Amino acid sequence: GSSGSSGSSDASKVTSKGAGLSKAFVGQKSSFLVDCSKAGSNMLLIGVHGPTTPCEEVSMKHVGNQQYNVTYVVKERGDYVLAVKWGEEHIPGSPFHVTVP
């Protein structure tokens, strides 16, 4: 394919489910799946912001079938901010408000 000029990718379509998105727990490995089957042919990335405390790491893998597995680990508790972008865009729901007990 030389030219494309077709296939607009939308973020509002990208859906996400799980706990990590809603809330997380120190030590506990929070994971969340992102469906992009009817979203677009764009790339999926993450930008875990560190407004209060940084994260241990971020495991991102494209299990396929239009599913992206992303898991992380925290060390401190409080108010967190999850930033998920979808090919130069921001999924519907971010920045998400994650509260850790």
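Just above, that's the structure.
What this report covers is the structure whose coordinates are included nearby.

Criteria and thresholds
- Residues numbered from 1 in each chain as written, not as in the entry; some residues may be left out.
- Heavy atoms only, no water.
- Helix = DSSP H or I, 4+ residues; strand = E, 2+ residues; numbered from the N terminus.
- Buried < 20%, exposed > 50% of the residue type's maximum accessible area, 1.4 Å probe, protein only.
- Contact = heavy atoms within 4.5 Å.
- Areas by Shrake-Rupley, 256 points an atom, 1.4 Å probe, with all protein chains shown as cover.
- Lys, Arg positive; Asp, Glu negative; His and termini not counted.
- Charge placed at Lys NZ, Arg CZ, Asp CG, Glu CD.
- Pairing = 2+ DSSP bridges.
- Axes fitted to C-alpha atoms, helices over the stretch in contact; angles between N-to-C directions.
- Patch = residues over 30% accessible without salt bridge, like charges linked within 9 Å, V, L, I, M, F, W, Y side chains within 5 Å.
- Salt bridge = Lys/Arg side-chain N within 4 Å of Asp/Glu carboxyl O.

### Brief notes about the overall build of the protein
When its secondary structure is counted, the protein shows one helix and eight strands. Written out in order from the N terminus, the α and β elements of the protein read β-α-β-β-β-β-β-β-β. Dimensions of the protein, computed from the C-alpha atoms along their principal axes, are close to 50 × 25 × 20 Å. Relative to its full complement of 101 residues, the protein shows a buried share of 33%. Sequence-distant contacts in the protein: of pairs separated by 6 or more residues, those separated by 24 or more amount to 60%. About 6,300 Å² of surface is accessible on the protein, with carbon and sulfur atoms providing 46% of the total. If the 9 positive side-chain charges of the protein are averaged to one point and the 8 negative ones to another, these points end up 6 Å apart.

### Here's the deal with the sheet that holds strand 4 (residues 57-64)
Spatially, 1-2-5-4 is the arrangement adopted by the four strands of the open sheet, whose pairing is antiparallel. Every other strand in the sheet has two partners, leaving strand 1 (15-18) and strand 4 as the edge strands with one partner each. Sheet twist, expressed as the mean angle between neighbouring strand axes with direction ignored, is 20°. Sheet topology note: the strand 2 (residues 30-35)/strand 5 (residues 67-73) ladder contains six bridges and is antiparallel. By the bridge assignment, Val 34 is partnered in strand 5 with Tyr 68.

### Topic: a nonpolar patch on the surface
Together, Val 48, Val 58 and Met 60 make up a nonpolar patch on the protein surface, roughly 210 Å² of accessible area in all. Its place among the elements puts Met 60 in strand 4. The partly exposed category is assigned to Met 60, whose relative accessible area is 39%.

### With respect to the pairing of strand 2
On a regular strand, one side chain projects to one face of the sheet and the next to the other, so that they alternate. Pairing between strand 1 and strand 2: four bridges, direction antiparallel. Residue pairing for strand 2: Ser 16 is matched across the bridge by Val 34.

### Some details on unusual backbone geometry
Residue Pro 95 is bonded to the preceding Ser 94 through a cis peptide linkage, with omega at 0°. Turning to its location among the elements, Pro 95 is positioned in the loop between strand 7 (84-86) and strand 8 (96-100). A positive phi angle is found at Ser 5, which is not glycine, with a value near 35°. Position of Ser 5 among the secondary structure elements: in the segment before strand 1. What makes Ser 5 exposed here is its relative accessible area of 73%. With a phi close to 60°, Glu 88 is a non-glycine residue in the positive phi region.

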